[PDB]
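All remarks here apply to the structure that follows.
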Amino acid sequence: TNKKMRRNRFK
Amino acid sequence: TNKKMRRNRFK
Amino acid sequence: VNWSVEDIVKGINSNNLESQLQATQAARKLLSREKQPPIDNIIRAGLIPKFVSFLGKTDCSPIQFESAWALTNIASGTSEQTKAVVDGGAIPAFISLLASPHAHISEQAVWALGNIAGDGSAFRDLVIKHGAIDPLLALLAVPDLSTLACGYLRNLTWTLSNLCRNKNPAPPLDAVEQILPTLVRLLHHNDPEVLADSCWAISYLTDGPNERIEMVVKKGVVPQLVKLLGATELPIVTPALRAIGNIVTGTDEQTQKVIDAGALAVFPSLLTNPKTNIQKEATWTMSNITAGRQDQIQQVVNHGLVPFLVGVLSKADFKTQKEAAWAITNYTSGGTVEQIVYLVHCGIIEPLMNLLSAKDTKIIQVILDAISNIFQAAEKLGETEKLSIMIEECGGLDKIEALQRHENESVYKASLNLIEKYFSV
């Protein structure tokens, strides 16, 4: 997909 | 949004 | 006053009911003094089980109230201390008091259960397994919520929100579906704090798979979330924006409901909010919108938001700038040729080139991706030369050449492709 749910893991 | 809350004396 | 724990133990153990009450008062005063309740001293004295038993003494409602308050304050400490309250059998006893005819006892049991559930998923599920949701929702079954005392209603909202909180595992679907209707009513109430905690609950429930997002969306809450996004009270906007952000991580159809409710009209003020956390959250939310359908990118254009994303990319702190770059990459990979031209006419190139100085490797790859996508649109128009001189005039060409020396591999190959393909002869 193109959307990212994991902003937190991305940090 | 705080997980926990103490109840304080009436000031 | 200022009783000793030994004095409290003595008074609680007597057969005299009046000395048990005084001893529990002393314990409560000792546990409600601002700094350092001696919680561990109370636990080690073995008082938790006795307090839990007093919670059943329906006759002496004062000792019920004093015990609930003492145990609320013990359960409000560390997980180890909250666990002692749970191992003491407190959850069923508090659940029983939710039906007390004495409102202030019922309120204190709601509060205690909020602290227990607030410890984590494990204790949250205990509270749900003992059947807390039914009696809690029955307290909110009144047709007009303004008949409940403001403090009572706030604590109920806060405790319900803690039953929605936390993951691994998430709350059981049965419980969520049971709680949502009451949550919808609370979201339309007027009290600022009620609204804030209701938004926090929604933001918890939407933090998960698309299936959970659809449960919340199908209840019709999105227009009211958007209205609360436009509020002036920061403690409301923060959770509302968190919830909207979660919803636009889902499908193109769930994102469209956020757009249909008018959310894009509020984002200019969010992207220029003085609180850095709001800007960063609002930019992240924009990157998942620009990751959607071409018609949804077009509504971003029509609401005049591109110039504000360029502003963020130019002037914001570095962490928000990272988010804005992602929103540009997504825009340029999913957008039409005419949308990319408009992006270029808004002055994207220069602030984008300026971020190639960033040490961060992940963002350099994002930026190079956006550059390549724009060059691909330029090829469709036969204007790669015009775009190439523009990149030179912004100081960009020197930075792309410098990238070859970069340690990372994908960066190395990407910049060399651009230089050989558009900056040759």
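Chain C is numbered as in Swiss-Prot, which gives 74-498 for the residues shown.
Looking at the header, which is where the method is noted, we find X-ray crystallography, 2.4 Å.
Placed from the backbone N, Cα and C atoms, the Cβ positions cover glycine too.
According to Swiss-Prot, the protein carries these features:
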REGION    C:142-238  region 'NLS binding site (major)'
REGION    C:315-403  region 'NLS binding site (minor)'
REPEAT    C:112-151  repeat 'ARM 2'
REPEAT    C:152-193  repeat 'ARM 3'
REPEAT    C:200-244  repeat 'ARM 4'
REPEAT    C:246-282  repeat 'ARM 5'
REPEAT    C:283-322  repeat 'ARM 6'
REPEAT    C:325-364  repeat 'ARM 7'
REPEAT    C:367-409  repeat 'ARM 8'
REPEAT    C:410-456  repeat 'ARM 9'
REPEAT    C:457-496  repeat 'ARM 10'
What are the DSSP helix, strand and coil residue counts for the repeat 'ARM 10' (C:457-496)?
34 helix, 0 strand, 6 coil
Residues from the same chain, set at least six apart from the ends of the repeat 'ARM 2' (C:112-151), whose C-beta lies under 8 A from its own:
78-79, 81-82, 85, 90, 93-94, 97-98, 100-101, 103-105, 157-158, 160-163, 166-167, 169-170, 173, 175, 177-178, 181-182, 184-185, 188-189, 192
Sort out the residues at least 6 away from either end of the repeat 'ARM 5' (C:246-282), same chain, that have Cβ-Cβ distances under 8 Å to it, and list them.
201, 206, 210, 213, 218-219, 223, 226-227, 230-231, 233-234, 236-240, 288-289, 292-294, 297-298, 301, 304, 306, 308-309, 312-313, 315-316, 319-320
According to DSSP, how is the repeat 'ARM 6' (C:283-322) divided among helix, strand and coil residues?
31 helix, 0 strand, 9 coil
